[PDB]
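Colleague: Take a look at the following structure, please.
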Amino acid sequence: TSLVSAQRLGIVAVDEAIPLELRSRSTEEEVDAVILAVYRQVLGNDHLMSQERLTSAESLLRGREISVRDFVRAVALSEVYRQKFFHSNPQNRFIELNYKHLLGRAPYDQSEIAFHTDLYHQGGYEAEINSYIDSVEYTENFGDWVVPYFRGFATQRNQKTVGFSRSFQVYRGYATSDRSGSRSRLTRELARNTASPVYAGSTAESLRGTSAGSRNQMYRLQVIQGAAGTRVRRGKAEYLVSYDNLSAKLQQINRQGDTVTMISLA
Amino acid sequence: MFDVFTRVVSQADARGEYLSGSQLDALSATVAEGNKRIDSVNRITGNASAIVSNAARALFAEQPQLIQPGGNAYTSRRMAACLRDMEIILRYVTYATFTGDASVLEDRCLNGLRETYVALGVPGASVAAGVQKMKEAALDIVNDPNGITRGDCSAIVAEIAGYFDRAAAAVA
Amino acid sequence: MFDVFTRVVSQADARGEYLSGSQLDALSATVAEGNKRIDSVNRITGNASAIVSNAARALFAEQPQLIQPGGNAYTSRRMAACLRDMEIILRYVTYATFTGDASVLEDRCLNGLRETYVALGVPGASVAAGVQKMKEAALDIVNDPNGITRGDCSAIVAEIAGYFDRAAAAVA
Amino acid sequence: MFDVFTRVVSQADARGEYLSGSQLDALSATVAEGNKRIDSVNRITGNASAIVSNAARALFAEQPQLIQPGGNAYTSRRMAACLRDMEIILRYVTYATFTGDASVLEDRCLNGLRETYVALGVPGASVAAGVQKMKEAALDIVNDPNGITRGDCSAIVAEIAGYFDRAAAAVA
Amino acid sequence: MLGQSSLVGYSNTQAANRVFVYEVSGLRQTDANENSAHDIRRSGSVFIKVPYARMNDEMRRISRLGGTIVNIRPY
Amino acid sequence: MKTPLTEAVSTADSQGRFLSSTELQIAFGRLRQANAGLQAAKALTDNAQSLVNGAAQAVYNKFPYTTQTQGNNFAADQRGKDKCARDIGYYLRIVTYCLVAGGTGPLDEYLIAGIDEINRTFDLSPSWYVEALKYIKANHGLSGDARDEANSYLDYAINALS
Amino acid sequence: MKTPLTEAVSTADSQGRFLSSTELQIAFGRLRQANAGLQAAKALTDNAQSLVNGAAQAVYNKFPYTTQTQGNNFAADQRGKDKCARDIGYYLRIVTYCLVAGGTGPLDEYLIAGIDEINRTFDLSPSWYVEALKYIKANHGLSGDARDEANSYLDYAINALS
Amino acid sequence: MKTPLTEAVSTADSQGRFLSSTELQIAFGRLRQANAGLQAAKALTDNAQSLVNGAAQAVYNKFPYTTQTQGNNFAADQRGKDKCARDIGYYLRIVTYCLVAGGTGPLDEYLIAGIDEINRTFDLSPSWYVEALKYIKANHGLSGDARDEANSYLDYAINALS
Amino acid sequence: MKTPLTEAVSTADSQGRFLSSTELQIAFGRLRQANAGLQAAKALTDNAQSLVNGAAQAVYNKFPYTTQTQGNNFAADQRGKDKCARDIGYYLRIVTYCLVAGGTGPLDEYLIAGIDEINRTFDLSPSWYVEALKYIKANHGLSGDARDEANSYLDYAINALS
Ligand SMILES: *[C@@H](C)[C@H]1/C(=C/c2[nH]c(/C=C3N=C(/C=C4\NC(=O)C(CC)=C4C)C(C)=C\3CCC(=O)O)c(CCC(=O)O)c2C)NC(=O)[C@@H]1C
Ligand SMILES: *[C@H](C)[C@H]1/C(=C/c2[nH]c(/C=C3N=C(/C=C4\NC(=O)C(CC)=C4C)C(C)=C\3CCC(=O)O)c(CCC(=O)O)c2C)NC(=O)[C@@H]1C
Ligand SMILES: *[C@H](C)[C@H]1/C(=C/c2[nH]c(/C=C3N=C(/C=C4\NC(=O)C(CC)=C4C)C(C)=C\3CCC(=O)O)c(CCC(=O)O)c2C)NC(=O)[C@@H]1C
Ligand SMILES: *[C@H](C)[C@H]1/C(=C/c2[nH]c(/C=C3N=C(/C=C4\NC(=O)C(CC)=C4C)C(C)=C\3CCC(=O)O)c(CCC(=O)O)c2C)NC(=O)[C@@H]1C
Ligand SMILES: *[C@H](C)[C@H]1/C(=C/c2[nH]c(/C=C3N=C(/C=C4\NC(=O)C(CC)=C4C)C(C)=C\3CCC(=O)O)c(CCC(=O)O)c2C)NC(=O)[C@@H]1C
Ligand SMILES: *[C@H](C)[C@H]1/C(=C/c2[nH]c(/C=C3N=C(/C=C4\NC(=O)C(CC)=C4C)C(C)=C\3CCC(=O)O)c(CCC(=O)O)c2C)NC(=O)[C@@H]1C
Ligand SMILES: *[C@H](C)[C@H]1/C(=C/c2[nH]c(/C=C3N=C(/C=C4\NC(=O)C(CC)=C4C)C(C)=C\3CCC(=O)O)c(CCC(=O)O)c2C)NC(=O)[C@@H]1C
Ligand SMILES: *[C@H](C)[C@H]1/C(=C/c2[nH]c(/C=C3N=C(/C=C4\NC(=O)C(CC)=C4C)C(C)=C\3CCC(=O)O)c(CCC(=O)O)c2C)NC(=O)[C@@H]1C
Ligand SMILES: *[C@H](C)[C@H]1/C(=C/c2[nH]c(/C=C3N=C(/C=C4\NC(=O)C(CC)=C4C)C(C)=C\3CCC(=O)O)c(CCC(=O)O)c2C)NC(=O)[C@@H]1C
Ligand SMILES: *[C@H](C)[C@H]1/C(=C/c2[nH]c(/C=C3N=C(/C=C4\NC(=O)C(CC)=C4C)C(C)=C\3CCC(=O)O)c(CCC(=O)O)c2C)NC(=O)[C@@H]1C
Ligand SMILES: *[C@H](C)[C@H]1/C(=C/c2[nH]c(/C=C3N=C(/C=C4\NC(=O)C(CC)=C4C)C(C)=C\3CCC(=O)O)c(CCC(=O)O)c2C)NC(=O)[C@@H]1C
Ligand SMILES: *[C@H](C)[C@H]1/C(=C/c2[nH]c(/C=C3N=C(/C=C4\NC(=O)C(CC)=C4C)C(C)=C\3CCC(=O)O)c(CCC(=O)O)c2C)NC(=O)[C@@H]1C
C-alpha cells in the first residue's frame, strides 16, 4: 500500500519489495540471492542453519538443471520444511503456512481448508504440497523463475477482500518468523466466514490519557459474549482496560461464560 | 514429535544432565514391553477400516440426528469428512501407541480440533462418543488371545486406552 | 554480467596474475571518459520515448506491411509488443553503455532473441531495421553540442554504435 | 528406487510369475550377508570425510592443473563444488551398498552426470580418478579386520568395488 | 542432464521415479496469461524437466499458454 | 516400492545425509523379518493353486449370484471364472512379492494404486476380493512371524478394499 | 529428531498412512538395538567425568598451544579450561542421548546444527573437538553393538566437524 | 559481480526501468573512487611479493605450531609453506581485483563463497588468514581514499573468515 | 522511495550483507550531486508561481481548445483553470522533491504510479502535461549539474507521460 497506510500497518518493506527473477545466464551471486530469497520466504524467515541447507537442490538450481519453481518445490517437500511446518502442527495451521510460504497469501475460504485436507488424506503430504506449486495461482504470479513473495497486502485479481485483513494474521511483521507447534489464528474466522479487526504495527494502540492505571498500559480484550445482569448489545465486544484492572476484567468475563478471542497491548 | 525415548532425552538436555540409572531401567522396561506394543499397533492397523466403520455405524444408530438431513454428518462430503475424522483419530492413536508418547497425537490431531469443531459446528461430544466406540472395539482387538503368544498386555492396553481417552477429551 | 572493470578482472583471474600497468592505465582512460559516458546514457534515456516512437514511425512508414492487417505489427497487442521490444532493446543498449561492457546486452537481452522471433514469426530483419533507426536517432542526440560542455565524444559514440549494431546483428 | 529384494520382485512381476526356489535362496543368502553389508555401510559412513578429503588431496597432488588459476578446481566456489561432488558420489555409493542394488546411485546421481560435466567444462577423467581414489580408501577401511568379528567380506567388497567402478565409468 | 534426484518426489513409487524432458515452443502472450505478473522471456525451444506424477499437470499448463510440445524425451 | 531399505535411503537422500545408525537399525529390523518373509512366500507359492482355487470357490459360495446372473463382471460363464481366478492369483502373487520385499510396496505399486476406479469401471465389488483374501488368511497355515507378516499384507489389501 | 520411531511415524504421517510392516520392522530394529544402546549410555555416563578430563588432556597434548597462548578462545587460563571441559562434556552427554534415543537426533538438534557458525565466531578449531571425540572413541571401553552404536555417533560428530 | 555499475544496472533491470539520476549518481561515485582504487591496486601489485612473504612470515610468527607440526594442513615442510604463500597471494591478488572493480565482487566470486567448506575440509584455521590480512592492512602503506578502500576489502575478507 | 541511499540499503538487505565499498561509493555520488540538487530545488521553489503560471499559459496557447471547450476535463472556466494550475504545481513541486531526494522516487511514489489511469478516467490528455514540463525545462534557468538533474526529472515525467 502507499506509505501513509504502510507505516501504520508495518508493511513498508513488503510494499517496496521487488520480485526476484532468475534470468538466463545468471551469475553466481544472482543464484545465491535467489536461493537466499527462496529460503527466506518458503521457510518463513527462519534462521536457516548451514546443515539444514539443501545442497543438492541448490546445486541443480545453480547448474541450470532445475527452475526456481522446482527449487521452491524441493524446499517445500524437504524434511526441513516438514519438521518446522508439518510434523508438529495441526492441518489447518499447516495449510495456512503453505498458503503464506508458497502463494504469499492467507486462505480465502473454508473450502480451501476442506481442500488440502481431503487431498492430504487421499494423496499424502507430497500431493498436497504440489497442489500449491502446480496451481494456476502460482503460475501466473510467479511462474518458473520468480521467487514467491507475499501478495496478501496488495489487491489481486480473483481475490476476496478478507484476504487483505487475514494477511495480517499470517504476516506478523518483517522481523517475524513462523517458528513457535501453534494453532492457526484463522480457524474461527475461516469456518464462520468472518473478518477480524486488523491490529498490526501501530494500529493496535489506543489513547490513554489519565484513564490508564499506574503503568499507563491499556489492553484490548476481544471477547465473544452472550446473555448469561445488564443487556448485551453485541455478540462481539471489545474492552479496553488498564493493567491494574486486567485480572478483574478477565475474571468477570470468565464468570459470565464469555469466550476470550484475543488480548493485545493497546 | 517425541517418542518414549526422546521425551526423556529432551527433559534431560534441558536439565543438562545424563539420564540417571532409574531412567535407563525405566526405558529398558519399555524395551521389554516392545513386542506387545508392536502387536497392538499391528492389530489395530489390521482392523482399522472395520473399527472406523463399525464405530461410525453404532454412532449414527444411537445419534440418528447426525445423519438426519441438516445434521452435521448429512450430505456425502460431510459424511466422508466424518469418516475421515474417525480414521484420522484412530491413526494418530496408533502413532502414539507406536512411539510410546502422546506428542504426535497431541500436536497433529488434537491441537485445535476442539475449537475447529466449535467453529464449524461439528458436535465434539458426538465425536467423543464415536472415539469411545473405537476405544472398546480396538481394545477387544488388542486383547484377543487367539493366534498370538500369551502374556500380560494390561499395561499396553492401559496406555492405548489413555490415548483414546485423551482424544475423546480433546474433541469434547 | 561484467562491466568494463570486471571484464579485465575476470580475464586476469583466469590468467592468474595481477592487472598490468597497461591495463590499469587503460582503465584510467576509461575513468577519464566516464563523464562523457554518463552524459550519453542520460541523453539517450531522456529521449527514450522520442527515440522509440520516432524510429517505430519510420519503420512503419517504409515497410508498411508490418502494420497492414495480417502483418506482424497488426493488432494492438502485437503493436504494443513491438513498441515494448524497441524500448527493451534501447534500454539494454543504455545498460551496456552505462557498464561499458556488452555482457548485459548479450546475456539478458539478445540471448535467444533470434530463436524467440523465429518461433513467433517476428520478422527479425525488420526489427534490425528499427534498431538501426533507433541507433541513428540516439547517436545524433548524444552528439548534440549545445547545452553541454564541448568535448570529443567520438569514442563513446563508437561504443554506442557498436552496441546498436550488435543488437541488430543478433536479431537479424 | 530398487533394493535387492524389490529388484527381483520387479523382474518377477513383469513376467507375472512367483519367485522360484532359486531366487528365494539367493535372497536368503543376501540376508546371511546382511550383517556384513551393514558393517560396510557403517564403516564408509564413519570415514566419509576422511575418504573424500584424502582422495581430493591426492587428486590434486597429481594432476596439479586442476588447482592452478584458470583450472576447474580453482577459486573457492569451484573447489567447494568439487569437494561436494566427491562426497555426493560417495554418499550414493553407500546408498547402493545399503540397498544391495545400484538403482539409487545410477538414477539419482550417475545418469546425466557425464553430459552435465561436459557442459560445465568439468573434466570427467579427473573426477573419475578421484572416484578411483575414493574406491581404494573405502575398500581398505571396509577390509579392516581390527575391531570387528572377523569373517569373509569378499562378496560385499566386490559389490562395493562394482559400485565405485560404475560411478567412475559413468562420469568419465 | 541432472535433476532426477530433486524432481522425483520422495515418495518411492517406481512409476514416479521417471522424469521426462519437454521441449516447448511458441510461449506467446495469450488470453490465458493476461494477468501474469511475470513476463515471458523466451518463445523458442525451452526445456522443462517433468516427473511422471506431474506430466498430467505440466502438459495442461503448456497447452493453456499456447506452447507447442514438440518433443518429449526420457531423461 | 515402499520397503524398509529403500525408504531409509530415500529419506536420507531427502536430507542429503549419509546413512546413520537409524538407517542401520531399520536394516537390522529388515534382516530380522526377512527370513520369515522369504519362508512365508515360499510356503504361499507352494500351494498357490489350491489357495487361489479355494479362495475363488469361497467367493462363489459367499456370493452365489456371481455364478448365476449374466454379465461381463460376473463369473457365470467360464470366461468370468478364468478372469476371477486370475484376479485372485494377482492378489496372492503380489502378496508374496510384499512378503519378499518386506513392505506393502508391491501392493501399492502393482495393485492398490488405482484399484478402486478399476472396480468402479468394471463394476466389481470390493467385497468379493475381501472374501477371497479372508479365505487366504484362514487357510495359509503359516505360523509365527511369517503368519503375522503375511496377514498384515492381507489385511492391508482388505483395508484398502473396504 | 532423527530416531527410528519418530522417523517411522514421520514417514507414515507424511504419507497419511497407518503403520505398516515397514514401520514394524523399523521398531523391531530399534528394539533389537535399544538395550545395548542403553547400557552404552550408562557405561559412558558412569565413566563420563574421567572420559571428559582425559579427552581434554588429549586435546591439550595434541595442540599444546591452546594451553599457552593468551586469548579468549584458548584454554590458557582456568576459565578457558573450564569452557573446554564443559564443551567436551556437552559432546559426551548428547552422545549418550543419541545412544538412548537410537539415532543421531540429539546430536543434530542440540549440537550439530549451527556449530560451524559457533566455531567461526569464537575462533574455536573443530580439530580440537575431533581429537576429544577420537580419545572418547578410543577409551570408552565398550564392545559389540554398544561399541558400534557409540562409535557411529562419535564418528558422526567427527564427520560433522570436518 | 558486486560492483557499483553492475548493481545499478541489476536493480534497474529488475524493475524494468531505464537508468535514472540515482544510477547516474552511482556511476559518479564510482568515478570519484576509481583512480584512488587503481593506484592502490598498482601499489599493492608493485609491493605484492614482499607483502605476501611478510604476511606468511607473520602467520608463522603468531602461530609457531604451523611451522613445525607434521600434517598436510601445516607448513612444516616446503610443500605446506608454498601452499601458504600461494593462498596469501590469492588473497592479495583478489584484493587488488576488488580495488580495480570497485566492490567486493571478486572476493565474493573467487574467494569468499565456499571458503569455510575449504577450511573445514582441509582443516585450515581462518585465524591464520586473518593474521595475514592484518599484516597486509598494516604494511601495505597506502593513504587516503586508496587506504580506506583497500582496508574495506581486507576487513571484508577478515569478517567473512570470522 | 527510489533514492541512491535507500536503494543501496535495500539491495544490501535483500542479499543479507553489510554495506560495502559499493554502497559507500553510492553515498559519495549522492554527496557530489546533493548540493547542486538542493540549490536547484531552491531556484525552482523561488520561481514556482511564474513557472507554474507560464507553463499553464503555454499549455493553453499550444492547446487553445482547452480554454473554450466546455467540460469537466477542460480549463474553459475558472474551476478548470484552477485544477490545471494545481496539477502543474503538483508536477513542479514533486520535481523539487526529486531534486532534494536525488532520485525519481518522489515522482514514482506521488505522481508517476497510477498517473495513466487517472488521465484516462478523467479524460486528461498527457500531451498537456508534457507541454507544461517542456516549458519548465526551457524556463527554469538552471545551469550545470542543477540543469542536468532537474531536466532528467522533467523528461522522466515526459517519458512516463508519452
Ligand atoms: C566386512 C564387512 C567385515 C566384517 C564384518 C562382520 N560383522 C559381523 C557381525 C555383526 N556385525 C554387526 C553390526 C552392527 N551392530 C550394531 O549395533 C551396529 C550399529 C547399528 C552395527 C553396524 C552385528 C549386529 C553382527 C552380528 C553379531 C556379531 O557381532 O557377530 C560378522 C559375522 C558374521 C555375520 O555376518 O553375522 C562379520 C563377518 N568382518 C570382517 O572381517 C570384515 C572386516
Ligand atoms: C475511493 C472511493 C476511496 C479510497 C480508496 C482506497 N482503497 C485503497 C486500497 C485498497 N482497496 C482494497 C479493496 C479491495 N481489494 C480487492 O481485491 C477487493 C475486491 C474483492 C476490494 C474491495 C484493498 C484490499 C486495498 C489495499 C491493497 C491495495 O491498495 O491494493 C487505497 C490505497 C490506500 C493506501 O494507502 O495505499 C485507497 C486510496 N480512498 C479514499 O480516500 C476514497 C474515499
Ligand atoms: C541473542 C542476543 C539472544 C537470543 C536470540 C535468539 N533469537 C532467536 C530467533 C529469531 N531471531 C529472529 C530475528 C530476526 N530475524 C530476521 O530476519 C530479523 C531481521 C528483520 C530479525 C531481527 C527471528 C525472526 C527468530 C525466529 C527463529 C528463526 O530461526 O529465525 C533464537 C532462536 C530461538 C529458538 O531456536 O527457539 C534465539 C536463541 N537468545 C538469547 O538467549 C540471547 C539473549
Ligand atoms: C464424524 C465422527 C463427526 C463429524 C466430522 C466432521 N469433521 C469435519 C471437518 C474437519 N475435520 C477436521 C479435522 C482434521 N483434519 C485433518 O487433516 C486433521 C489431521 C491432521 C484433523 C484432526 C478439519 C480440519 C475439518 C475442517 C476441514 C474439512 O472440511 O475437512 C466435518 C465437515 C464440517 C463442514 O463441512 O463444515 C465433519 C462433518 N461430523 C459429525 O457430525 C460427526 C460427529
Ligand atoms: C517490433 C520492432 C517488431 C515486432 C515485435 C514483436 N515482439 C513480440 C514478442 C516478444 N518479444 C520478446 C522479446 C523480449 N522479451 C523480453 O522480456 C526481452 C528481454 C529478454 C526480450 C528481448 C518476447 C519474449 C516476445 C514474446 C512474449 C511476449 O510478447 O512477451 C511480438 C508479439 C508476437 C505475438 O504473436 O504475440 C511482436 C509483434 N513485430 C514486428 O512486426 C516488428 C518488426
Ligand atoms: C559527449 C557525448 C558530449 C559532451 C559531454 C561532456 N560532458 C562533460 C562534463 C560533465 N557532464 C556531467 C554530467 C552530469 N552532471 C549531472 O549532475 C548529471 C545528472 C546526474 C549529469 C549527466 C558532469 C558532472 C561533467 C563534469 C563537469 C562539467 O559540467 O563539465 C564533458 C567535459 C569532459 C569531462 O569528461 O568531464 C563533456 C565533453 N560534450 C559534447 O560536446 C558532446 C556532444
Ligand atoms: C571434483 C572431483 C571435480 C570438479 C567438480 C565440479 N563440479 C561442479 C559443478 C556441478 N557438479 C554437479 C553435480 C551434482 N550436483 C548434485 O546435486 C549431484 C547429485 C544429483 C551431482 C552429481 C552440478 C549439478 C554442478 C553444477 C552446479 C554447481 O556448479 O554447483 C563444479 C563447478 C563448475 C562451475 O562452477 O562452473 C566443479 C568445479 N572439478 C574438478 O576439476 C574436479 C575433477
Ligand atoms: C473374482 C473375484 C470376481 C470377478 C472377476 C473379474 N475380474 C474382471 C476383470 C478385471 N480384473 C482386473 C483386476 C486387476 N488387473 C490387474 O492388473 C490387477 C493388479 C495387478 C488386478 C487386481 C481388471 C483390471 C479387470 C478389467 C480388465 C481385464 O478384464 O483384464 C472380470 C471381467 C469384467 C469385465 O468387464 O470384463 C471379472 C469377471 N467377477 C466375479 O463375478 C468374481 C466374483
Ligand atoms: C498383547 C496385547 C497380546 C500378546 C502379545 C505378545 N506378543 C509376543 C511376542 C511376539 N510378537 C511378535 C510380533 C510380530 N512378529 C512379526 O513378524 C510381526 C509382523 C511383522 C509382528 C507384529 C514378536 C516378534 C514376538 C516375539 C517372538 C514370539 O512370538 O514369541 C508376546 C510374548 C512376549 C514378548 O514380548 O516377546 C506377547 C505377550 N499376547 C497376548 O496374550 C495379548 C492378547
Ligand atoms: C576445548 C576442546 C577447547 C576450548 C574451548 C572453548 N569453547 C569456548 C566457547 C564456546 N563453546 C561453545 C560450544 C557449545 N555450546 C553449546 O551449547 C554446545 C552444544 C550443546 C556447544 C558445542 C559455545 C557456544 C561457546 C561460546 C559461548 C560460551 O562462552 O560458552 C571457549 C571460550 C571462547 C570465548 O571467547 O569465550 C573456549 C575457550 N578452548 C581450548 O583451547 C580447547 C582446546
Ligand atoms: C597459510 C596461511 C597456512 C597454510 C596453508 C595451506 N593451504 C592449503 C590448501 C588449500 N588452500 C586452499 C585455498 C584456496 N584455493 C583457492 O583457489 C582460493 C581462492 C582463490 C583459496 C583461498 C585450498 C582450496 C586448498 C586445498 C587444495 C589445494 O591443495 O590447493 C594447504 C595444504 C593442505 C593439504 O592437505 O595439503 C596448506 C598447507 N598452512 C599453514 O600451516 C599456514 C599457517
Ligand atoms: C492542466 C495541465 C490541464 C487540466 C487539468 C485538470 N486536472 C483535473 C483533475 C485532476 N488532476 C489530477 C491530478 C493529480 N492528482 C494528484 O494527486 C496528482 C499527483 C500528486 C496529480 C498529478 C487528478 C487526480 C484529477 C481528478 C480529481 C480532481 O479533480 O482533483 C481537472 C478536472 C477534471 C474533472 O473531471 O474534475 C482538470 C480541468 N485541464 C486543462 O484543460 C489543462 C490543459
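Note: Cβ is positioned from N, Cα and C throughout, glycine not excepted.
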Colleague: What residue among B:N42, B:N72, B:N146 has an entry for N4-methylasparagine in Swiss-Prot?
Modeller: B:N72
Colleague: Cα of B:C153 ((2R,3E)-phycocyanobilin 2 binding site) to Cα of B:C82 ((2R,3E)-phycocyanobilin 1 binding site): how many Å, rounded?
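Modeller: It is 31 Å, counting Cα to Cα.
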Colleague: Quick one: among the binding-site residues B:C82, B:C153, which has the most Cβ atoms sitting within 10 Å of its own Cβ?
Modeller: B:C82
Colleague: Report the same-chain neighbours of B:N72 (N4-methylasparagine): residues 6+ apart in sequence with Cβ closer than 8 Å to its Cβ, ordered by sequence.
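Modeller: When sequence neighbours closer than 6 are ignored, B:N72 (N4-methylasparagine) has B:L66, B:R78, B:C82, B:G121, B:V122, B:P123, B:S126 within Cβ distance under 8 Å.
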Colleague: Tell me whether B:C82 ((2R,3E)-phycocyanobilin 1 binding site) sits in a helix, a strand or coil according to DSSP.
Modeller: helix
Colleague: Taking ligand 9 as the reference and 6 angstroms as the Cβ limit (strictly under), which recorded positions among B:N72, B:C82, B:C153 are close?
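Modeller: Passing the 6 Å Cβ check against ligand 9: B:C153.
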